[PDB]
Chemist: 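Please read through the structure below; I'll follow up with questions.
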Amino acid sequence: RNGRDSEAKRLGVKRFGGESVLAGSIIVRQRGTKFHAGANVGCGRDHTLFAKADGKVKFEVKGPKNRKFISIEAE
Amino acid sequence: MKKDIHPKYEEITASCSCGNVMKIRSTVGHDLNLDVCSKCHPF
Amino acid sequence: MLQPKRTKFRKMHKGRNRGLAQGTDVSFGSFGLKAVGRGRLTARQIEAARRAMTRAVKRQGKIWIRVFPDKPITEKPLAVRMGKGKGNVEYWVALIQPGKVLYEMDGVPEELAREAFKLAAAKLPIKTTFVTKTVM
Amino acid sequence: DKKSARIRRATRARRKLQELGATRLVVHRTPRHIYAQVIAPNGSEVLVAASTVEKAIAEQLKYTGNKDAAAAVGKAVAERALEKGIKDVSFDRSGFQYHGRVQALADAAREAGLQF
Amino acid sequence: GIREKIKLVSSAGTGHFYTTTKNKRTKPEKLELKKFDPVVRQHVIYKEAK
Amino acid sequence: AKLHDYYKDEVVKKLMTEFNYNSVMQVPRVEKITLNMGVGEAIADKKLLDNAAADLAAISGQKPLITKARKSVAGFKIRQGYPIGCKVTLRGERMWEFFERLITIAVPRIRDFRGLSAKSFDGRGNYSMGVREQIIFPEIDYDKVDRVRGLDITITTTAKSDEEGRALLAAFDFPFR
RNA sequence: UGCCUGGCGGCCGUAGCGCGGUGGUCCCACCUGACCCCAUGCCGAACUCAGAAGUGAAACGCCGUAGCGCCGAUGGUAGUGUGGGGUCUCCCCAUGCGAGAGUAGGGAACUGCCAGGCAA
RNA sequence: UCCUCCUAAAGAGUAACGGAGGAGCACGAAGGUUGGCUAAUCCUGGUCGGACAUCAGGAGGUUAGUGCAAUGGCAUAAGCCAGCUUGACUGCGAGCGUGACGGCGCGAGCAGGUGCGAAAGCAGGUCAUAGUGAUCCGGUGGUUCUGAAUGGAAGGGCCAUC
RNA sequence: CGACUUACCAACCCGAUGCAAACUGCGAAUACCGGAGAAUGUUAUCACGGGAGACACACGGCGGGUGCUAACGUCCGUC
C-alpha cells in the first residue's frame with residue numbers, strides 16, 4: 001500500500017560564502033531557520049533568506065546557542 | 001485591590017462564653033456569639 | 001529464539017557487511033569465542049550453539065550472549081513472481097564481522113571450556129577461535 | 001529572578017534596534033539613582049551618559065529616584081546630546097514599563113530636543 | 001468543504017466588492033469588516049452579501 | 001495585624017535567641033497563605049461552582065479564582081481548560097487577620113477534635129492541612145449551605161528546612177498533637 | 001594607576017554547575033507604606049509610585065577548591081580520491097587526504113566604552 | 001493529482017507493483033499590533049482524592065506545546081494570556097529561486113489610504129512545507145471601450161467574480 | 001490508629017557490552033558553488049538563426065533498492 005511521494009522542493013543554499021550577490025537575490029531556501037538572517041539580510045515568510053543590499057555573502061556562528069547567521073558586507 | 005468585586009470586610013466585635021472578647025474584620029454579618037476560643041478550651 | 005520486541009519497522013534494507021567488529025575483547029567472562037570469518041547468524045543458529053554449551057558445561061558457570069539478531073530477513077513464497085512489494089519477514093539474523101566475540105563464559109576450567117566452545121562452533125556457519133580474557 | 005525576567009523582556013527590542021543600526025537611548029531604573037545612556041549603533045561605545053548618582057546633578061533635587069529625578073536626568077541627557085551633535089535616537093525601555101519614571105524621563109528628553 | 005463563499009459590498013455607492021469565505025453554521029451573523037475601496041480611495045465599511 | 005505586632009515584638013527575639021542567627025532577617029517568616037478547593041464534581045453539575053466559590057469568599061477576604069485542569073486525563077473524564085477547582089492566595093496584611101480567625105475561632109470548633117497534626121510538612125518548611133466542614137468558620141449559618149465538601153489550607157514561610165518551620169509554628173502556640 | 005561597584009557590548013561552556021569563604025564607605029539587593037499614578041482573569045505576588053529605618057539572611061559580585069560538565073594533543077586505527085592486484089558477495093599494494101572514540105594534559109576565563117565611591 | 005521522511009551515494013535532482021504516513025481543510029478568529037507569561041516528567045505535605053483532578057515547595061531545563069501526518073524550525077519565543085483592531089488593503093515592484101512550457105514561489109522599495117504603540121517600528125493573512133483543475137461555453141455587478149446608414153439598444157471587449 | 005521482615009516479583013537510575021535506511025551530543029575523502037593566478041587547448045564557452053536524428057539501450061567497475069548479498073534477472077546514481 002506504499003508508492004506515494006512528493007515532488008522535491010529544491011531547497012538548500014543557493015549562494016555560497018564569498019560570492020557577490022545583487023539585492024533581493026535568494027541566498028538560502030529552507031523549511032525552518034537553519035540559518036538566521038544577519039546584517040543586510042531579510043527573512044521571508046517561508047524562512048527564505050534574501051539579500052537586502054549588494055555585496056559579498058558570508059556565514060558565521062554567533063549567539064549563546066552557536067546558531068548560524070548569514071550576513072552581507074558591501075564589498 | 002480591585003473594586004466592587006470583593007465581599008465587604010467590615011470590622012465586628014465577637015465574644016465567646018468564657019468571657020474573651022476580640023475584634024475581627026470578616027464577612028460574618030451583624031453579630032456573632034461564640035462558646036469557645038483559643039483559650040478556655042480543652043485542647 | 002532471540003528476537004526484538006515492538007521494533008520500529010517491520011522491514012529494513014539488505015545493507016552490507018563491510019567493516020570490522022567492535023566488541024573484540026572479553027568483557028564479562030574469562031573465556032570467549034571470537035569470530036574469524038564474516039557473515040550472519042540466524043536466531044536458530046544462536047539458540048543451537050547456546051544449547052550445545054549449556055549441556056556441555058552441565059549448567060555449571062555462566063553464559064553470556066554478545067550478539068542479538070535485531071535484523072529481519074524476508075523471503076518470497078515459492079512460485080511467486082518478482083515484484084509486488086517486499087517479501088514477508090521470516091527470520092532474524094545478526095551481522096558478524098571478524099573479531100566479534102560471540103559467546104562469553106566463566107566459572108569453569110580452561111580445559112572444559114575449550115571442548116564446550118568447540119562443540120558450539122561446530123554448529124555455526126563462520127570460522128571461530130578460542131580467546132581468553134586479557135589483562136587490560 | 002527579576003534580572004532574568006527583565007533581560008528576557010528587553011532582548012527583542014535590543015535585537016531590533018541592533019539590526020536597525022541606530023543610536024539608542026538606554027535607561028536603567030532602580031529604587032534610587034535612575035541612569036541613562038546613549039549607545040552607538042555598534043553597541044561598543046557610549047556617546048554620553050547622565051544620572052543622579054554624581055554630585056554635579058544630585059545637589060539640587062531633594063531625593064533621587066522620583067519623578068523629579070527622572071525629569072532632571074531626562075533633561076540632562078538632552079543638552080548633552082544636542083551639544084554633542086546627535087539628534088535622533090531610539091528609546092529603549094530595557095524591560096521597564098513605560099509608565100512612571102521611565103515615561104517622565106522620556107517626556108523630558110523629547111521636549112528638550114531629543115525627538116523620537 | 002462546509003465553508004462557503006460570500007461577497008463583501010462597500011457601503012459607498014461604488015460597485016466594488018471583496019470575496020471571502022465564512023461558516024454559516026457557527027457564525028451566522030453578518031460580517032462588517034472595514035476595508036479599502038479603490039474606486040473612492042477611502043476605507044469604508046463592507047457588508048456581507050451573496 | 002495584632003499578631004503581626006506580636007510577632008515583631010518578641011517572637012523575632014524568641015527566634016533570634018533559640019537559633020542564635022548571625023542577622024535578623026535569617027529568622028523564618030510567613031509571606032503568604034493559600035486556600036484550595038478541589039471540588040472535582042464540576043462535570044456532574046457546573047452550577048455549584050459559583051456557590052462553592054462564594055463560601056470561600058466568606059472565609060477569605062477577597063474573590064476566588066477558578067482553576068482549570070492542567071491537562072486532560074481519560075481516567076477522570078476531564079478535558080484541558082475545564083474548571084475543576086478554585087483557590088485563594090492572601091498576603092500582606094489581610095493574611096494576618098485570617099490567621100487570627102483560623103488560630104482562635106476555627107481550630108477549637110473542629111468536630112470530634114483530637115489535635116492538630118505535626119508531621120504535615122512538605123520537607124522544606126511549608127505547612128498544609130485540611131478541614132471536614134465549613135461550619136468551623138463563623139460565616140456559615142448551617143441553613144444557607146447543604147454540602148459536606150471541605151477545603152485545604154497551606155501556609156508557606158521562608159524556612160530553609162522543617163526544624164525552623166516547626167519551631168516558628170510552635171512560637172505561634174500551635175497544638176501539634 | 002589600583003581595589004571595587006553599575007550599565008552597554010565583544011566573546012561565547014578552558015567561559016557552565018557543585019562545595020567553602022568573603023561584601024555594605026558608595027553602588028546593588030532585600031526591605032516600610034501605598035490615599036493618589038499603575039495592576040492582579042484573587043493577592044503591592046509581579047508591575048508601578050512615595051521612602052529610607054534596618055540588613056548582607058536570600059539574590060548578586062569576587063576569591064579558593066577539580067567533585068562534575070567542558071576543551072584536548074602526539075601516535076595508532078577506521079574510512080577515502082587516483083592508479084594497479086587478489087583465494088574478488090570482501091580485501092591488499094603505491095601515493096594523497098585523514099577521522100570518531102580514547103589517552104597524557106589543560107581547565108574553575110579573557111577583553112572594550114561610560115558612570116560613581118575609596119586610596120592614590 | 002498533491003504533501004513529509006527514507007531509499008538518494010554530505011550542493012540540486014534521481015527509478016522500482018521499494019519501505020513508512022498524510023491532504024481534497026480549518027480560522028473574522030486560530031489574522032495584525034502592543035503588553036505580559038514560560039512547559040513535560042518526577043519527589044515531599046495536604047478532605048473527599050484513589051497511580052493519575054486542584055494547592056504549596058523542590059529537582060528538571062523543553063523529554064512540553066506548536067488546529068491536522070511527517071520533517072526542519074521555534075526562548076527575541078513561531079508556544080500561553082489580555083487590550084485595541086482589520087495590512088486577510090489597492091496600484092505596482094528592483095532583483096532572484098524553480099520549471100520543456102503552461103506556470104509556481106520569495107521579495108526590498110515607491111504612491112495612495114489604514115490598524116496597533118509614547119516612539120523606534122511591525123502589518124500586502126496564519127511557524128514553513130499538502131487543502132487543488134487549464135481552455136472553451138455561459139451567469140452576475142461595474143465601465144459610452146466598441147456598437148457594422150444615423151441616435152440608441154442588443155451583442156462583444158476590459159475589470160471584479162461564479 | 002504505631003510498625004516490621006523477606007528464601008520472593010520489580011520501576012526509575014548507576015557501571016560495562018552491542019545494533020539502526022526512515023537515531024545523531026561527532027564527522028571525513030570526493031563532489032559542487034564562488035574568487036585570484038601561470039601554462040596549455042584550432043573559442044574547447046555563451047547567445048541567436050537553418051536542418052536533424054533520438055526518447056527499445058547493453059555489458060563492465062564502483063555506491064545501492066529489489067531478489068536468495070541467485071540469474072547474461074530487474075530498478076536507480078556515476079565513469
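Each chain gets a letter, A, B and so on, in the order its sequence line appears, and its residues count up from 1. When reading the values below, keep in mind they use all heavy atoms of this one structure, side chains included, and skip hydrogens, waters and symmetry mates.
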Chemist: Base, backbone or nothing for each nucleotide of nucleotides 157-162 of chain H, written B, S, -, heavy atoms under 4.0 angstrom, 5' to 3'?
Modeler: ---BSS
Chemist: For the pair made of CZ in E/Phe36 and P in H/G32, what is the distance, rounded to whole Å?
Modeler: 22 Å
Chemist: On RNA chain I, nearest-nucleotide positions of A/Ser20 versus C/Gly23: which is more 5'?
Modeler: C/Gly23
Chemist: Would you say E/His43 places a side-chain N or O within less than 4.0 Å of OP1 or OP2 belonging to H/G87?
Modeler: yes
Chemist: Could you check whether any side-chain heavy atom of E/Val44 comes within less than 4.5 Å of a side-chain heavy atom of E/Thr14, counting everything from C-beta outward?
Modeler: no
Chemist: Between F/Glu41 and F/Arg149, does at least one N-O distance fall below 4.0 Å, as a salt bridge requires?
Modeler: no
Chemist: Side chain of C/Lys100, heavy atoms from C-beta onward: which of H/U76, I/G18, G/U48 has the nearest atom to it?
Modeler: I/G18
Chemist: Which base, if any, makes a Watson-Crick or G-U wobble pair with I/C59, both distances under 3.5 Å?
Modeler: none
Chemist: Does any nucleotide pair with H/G45 by Watson-Crick or G-U wobble geometry, both distances under 3.5 Å, and what is it?
Modeler: H/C55
Chemist: When you get a sec, tell me which of H/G87, G/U48, G/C114 is the closest nucleotide to the side chain of D/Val46?
Modeler: G/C114
Chemist: Report the base-pairing partner of H/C37 (Watson-Crick or G-U wobble, both distances below 3.5 angstrom), or none.
Modeler: H/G79
Chemist: Determine, for nucleotides 51-60 of chain H in 5'-to-3' order, which nucleotides have protein heavy atoms under 4.0 Å from the base (write B), from only the sugar-phosphate (write S), or from neither (write -).
Modeler: -BBBBSSS--
Chemist: With both distances required to be under 3.5 Å, indicate if H/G49 and H/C116 make a Watson-Crick or G-U pair.
Modeler: no
Chemist: So E/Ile2, base contact, sugar-phosphate only, or nothing? Heavy-atom distance under 4.0 Å.
Modeler: sugar-phosphate
Chemist: Phosphate oxygens OP1/OP2 of H/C27: is one of them under 4.0 Å from a side-chain N or O of E/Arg3?
Modeler: yes
Chemist: Would you say the base of G/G51 stacks on D/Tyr63 (centre-to-centre below 5.5 Å, plane angle below 30°)?
Modeler: no
Chemist: Does the structure show a Watson-Crick or G-U wobble partner for H/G151, both distances under 3.5 Å? Name it, or say none.
Modeler: none
Chemist: With a 4.0 Å limit, can you tell me whether D/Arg6 has a side-chain N or O closer than that to the phosphate oxygens OP1/OP2 of G/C47?
Modeler: no
Chemist: Considering just the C1'-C2'-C3'-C4' torsion, please state whether H/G99 has a north or south sugar.
Modeler: north
Chemist: Regarding E/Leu31, tell me which of base, sugar-phosphate or nothing describes its non-hydrogen contacts under 4.0 Å with the strands shown.
Modeler: base
Chemist: Is there stacking between I/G67 and I/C68, using centres under 5.5 angstrom and an angle under 30 degrees?
Modeler: no
Chemist: Indicate for each nucleotide in nucleotides 56-70 of chain I, in 5' to 3' sequence, whether protein heavy atoms under 4.0 Å reach the base (B), only the sugar-phosphate (S), or nothing (-).
Modeler: -------SSSSBSBB
Chemist: According to a strict under-4.0 Å criterion, is C/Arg38 in side-chain N/O contact with OP1 or OP2 of G/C91?
Modeler: yes
Chemist: Along nucleotides 24-31 of chain G, 5' to 3', which nucleotides get a B, which get an S, and which get a -, given that the test is a protein heavy-atom distance under 4.0 Å?
Modeler: ---SSSS-
Chemist: Stacked, yes or no: H/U146 with H/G147, six-ring centres under 5.5 Å, planes under 30°?
Modeler: yes
Chemist: Can you tell me if the side-chain N/O atoms of D/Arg8 get under 4.0 Å from OP1 or OP2 in H/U76?
Modeler: no
Chemist: Report yes if at least one side-chain N or O of A/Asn66 is closer than 4.0 Å to OP1 or OP2 of G/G13; otherwise report no.
Modeler: yes
Chemist: When the P atoms of G/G20 and G/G76 are compared, how many Å lie between them, rounded to an integer?
Modeler: 48 Å
Chemist: Heavy atoms, side chains only, cut-off 4.5 Å: are F/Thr34 and F/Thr156 in contact?
Modeler: no
Chemist: According to a 3.5 Å limit on both distances, what stems of 3 or more consecutive Watson-Crick or G-U pairs are formed with RNA chain G?
Modeler: G:1-10 with G:110-119, G:18-23 with G:60-65, G:31-34 with G:48-51, G:79-86 with G:90-97
Chemist: Give every pair of a protein N or O atom and an N or O atom of nucleotides 131-133 of chain H that lie under 3.5 Å apart, one pair per line with the distance.
Modeler:
none

Chemist: May I ask you to evaluate whether B/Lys2 reaches the phosphate of G/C43, defined as a side-chain N or O under 4.0 Å from OP1 or OP2?
Modeler: no
Chemist: Closer than 4.0 Å, any side-chain N/O of C/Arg10 to the OP1 or OP2 of H/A20?
Modeler: yes
Chemist: When you compare the side chains of A/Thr33 and A/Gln30, does any donor N or O come within less than 3.5 Å of an acceptor on the partner?
Modeler: no
Chemist: Looking only at side-chain N and O atoms, does A/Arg15 offer a donor or acceptor that is under 3.5 Å from a partner on A/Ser20?
Modeler: no
Chemist: Taking any heavy-atom pair under 4.0 Å as a contact, classify A/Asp5: base, sugar-phosphate, or nothing.
Modeler: base
Chemist: Report the base-pairing partner of H/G72 (Watson-Crick or G-U wobble, both distances below 3.5 angstrom), or none.
Modeler: H/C127
Chemist: Taking for each residue the nucleotide of RNA chain I with the nearest heavy atom, is it C/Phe9 or C/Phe28 whose nucleotide lies nearer the 5' end?
Modeler: C/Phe28
Chemist: Under 4.0 Å: is that the gap between some side-chain N or O of F/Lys63 and OP1 or OP2 of G/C42?
Modeler: yes
Chemist: Tell me what A/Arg1 touches on the nucleic acid: a base, only sugar-phosphate, or nothing, going by heavy atoms under 4.0 Å.
Modeler: nothing
Chemist: G/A34 and I/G2: how far apart are their P atoms, nearest whole angstrom?
Modeler: 45 Å
Chemist: Looking only at side-chain N and O atoms, does D/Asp88 offer a donor or acceptor that is under 3.5 Å from a partner on D/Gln115?
Modeler: no
Chemist: For H/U71 and A/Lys9 - does any side-chain N or O of the residue sit under 4.0 Å from the phosphate oxygens OP1/OP2?
Modeler: no
Chemist: NA contact type, A/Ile26, heavy-atom cut-off 4.0 Å: base, sugar-phosphate, or nothing?
Modeler: base
Chemist: For D/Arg93 and H/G36, is the shortest distance between a side-chain N/O and OP1 or OP2 below 4.0 Å?
Modeler: yes
Chemist: Determine the Euclidean distance between corresponding P atoms of G/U22 and G/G51; express it in Å to zero decimal places.
Modeler: 36 Å
Chemist: I want to check one thing: is the phosphate of H/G19, taken as OP1 and OP2, less than 4.0 Å away from some side-chain N or O of A/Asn2?
Modeler: yes
Chemist: Under 5.5 Å between ring centres and under 30° between planes: does that hold for D/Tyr98 against the base of H/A118?
Modeler: yes
Chemist: Side-chain N or O of A/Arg31 less than 4.0 angstrom from OP1 or OP2 on H/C3?
Modeler: no
Chemist: Would you say C/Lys76 has more than 12 foreign heavy atoms packed within less than 6.0 Å of its NZ?
Modeler: yes
Chemist: Flag yes if more than 12 heavy atoms outside D/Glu19 fall under 6.0 Å of its CD atom; otherwise flag no.
Modeler: yes
Chemist: Flag the pair E/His16 / E/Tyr46 as yes when at least one side-chain heavy-atom distance between them is below 4.5 Å, and no otherwise.
Modeler: yes
Chemist: Counting only Watson-Crick or G-U wobble pairs whose two distances fall under 3.5 Å, which nucleotide matches I/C32?
Modeler: none
Chemist: Under 4.0 Å from OP1 or OP2 of H/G21: is there any side-chain N or O of A/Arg4 that close?
Modeler: no
Chemist: Should D/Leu105 and D/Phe91 count as side-chain neighbours, where that means a heavy-atom distance under 4.5 Å?
Modeler: yes
Chemist: In the structure I gave you, are the side-chain heavy atoms of F/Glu133 and F/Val148 within less than 4.5 Å of one another anywhere?
Modeler: yes
Chemist: Would you please say whether a donor-acceptor pair under 3.5 Å links the side chains of C/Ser27 and C/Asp25?
Modeler: yes
Chemist: Using atom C1' of each nucleotide, how far apart are G/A46 and H/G73 to the nearest Å?
Modeler: 32 Å
